[PDB]
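Spelled out, the chains give:
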Amino acid sequence: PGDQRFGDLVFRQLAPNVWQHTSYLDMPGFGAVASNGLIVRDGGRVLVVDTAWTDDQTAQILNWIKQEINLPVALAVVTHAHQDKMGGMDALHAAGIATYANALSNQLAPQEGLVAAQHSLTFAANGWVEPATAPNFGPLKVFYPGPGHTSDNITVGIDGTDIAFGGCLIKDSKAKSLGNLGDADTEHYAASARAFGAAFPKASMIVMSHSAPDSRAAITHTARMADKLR
Ligand SMILES: [Zn+2]
Ligand SMILES: [Zn+2]
């Protein structure tokens, strides 16, 4: 069905050089909750977007990469300071992988009980990452859409593909809720969702943390649900 099982994780090829990783964590009350990130081969190296929930799961992502790609992981970028995105930082660091996050995510990480990334991204007024803070990002195009799911949430397009990654900002076109709103910015969410869409206008495959890949209707639907929060 395209879902490759490797240990307790699932890997799904999305494009020639792009795979989605999925890991699970029990939330007594919501069952075994999936979180998705990305793996991108860029020539002779690999780039990761988001950890798994835990170090052990994140080490399994690295093991899958060694088996299935067998190229060095040059860097990882993590998309905000929550456990699903940054819970496995130590595994990346033990593996010698350079890590990047929004400056604000690195500031938040220790209070969230998370390990900060080694490097901080900062963003221009137009939302786009300041390029000098994202060296060697290859095809990864990093965009801060504004506060939404969290204050620090960032998003990533993959050049050479039709894919844009909304992380925990974007939910699928049939979602019934915006999920965990504990740290959300209810006033700016809708605008932040639409800004993500406007940043990646040619992206036809929208990848997200807590749903399978969807069409751009994910963006419009998410923005319309968020319209209610104000
Ligand atoms: Zn989150
Ligand atoms: Zn999440």
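Residues numbered from 1 in each chain as written, not as in the entry; some residues may be left out. Chains lettered and ligands numbered in written order. Heavy atoms only, no water. Residues with missing side-chain atoms left out of burial classes, pairs and counts.

As recorded in the PDB header, X-ray crystallography is the method behind this entry, and the stated resolution is 1.10 Å.

Ordered in space as β9-β10-β11-β12, the four strands form an open sheet in which the pairing is mixed. Unpaired on one side and paired on the other, β9 (140–143) and β12 (205–207) mark the two borders of the sheet. The average undirected angle you get between the axes of adjacent strands in this sheet is 20 degrees. Inspection of the sheet shows β9 paired to strand β10 (residues 155–158) by four bridges, in the antiparallel sense. Pairing of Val 142 across the sheet is with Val 156, part of β10. Here helix α5 (residues 189–199) sits on the sheet in contact with β9, β10, β11 (163–165) and β12, set at roughly 150 degrees to β9. (Pairing = 2+ DSSP bridges. Helix = DSSP H or I, 4+ residues; strand = E, 2+ residues; numbered from the N terminus. Axes fitted to C-alpha atoms, helices over the stretch in contact; angles between N-to-C directions. Contact = heavy atoms within 4.5 Å.)

So, about the coordination of the zinc ion (ligand 1). At this site the zinc ion (ligand 1) is bound by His 80 (NE2), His 82 (ND1) and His 149 (NE2), with donor distances of 2.0 Å. Spacing between the donor residues of the zinc ion (ligand 1) along the chain follows H-x1-H-x66-H. Here the zinc ion (ligand 1) and the zinc ion (ligand 2) are spaced 3.5 Å apart. The residues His 80 and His 82 share a single accessibility class, namely buried. (Donors = N, O, S within 2.8 Å, 3.2 Å for Na, K, Ca; no water. Buried < 20%, exposed > 50% of the residue type's maximum accessible area, 1.4 Å probe, protein only.)

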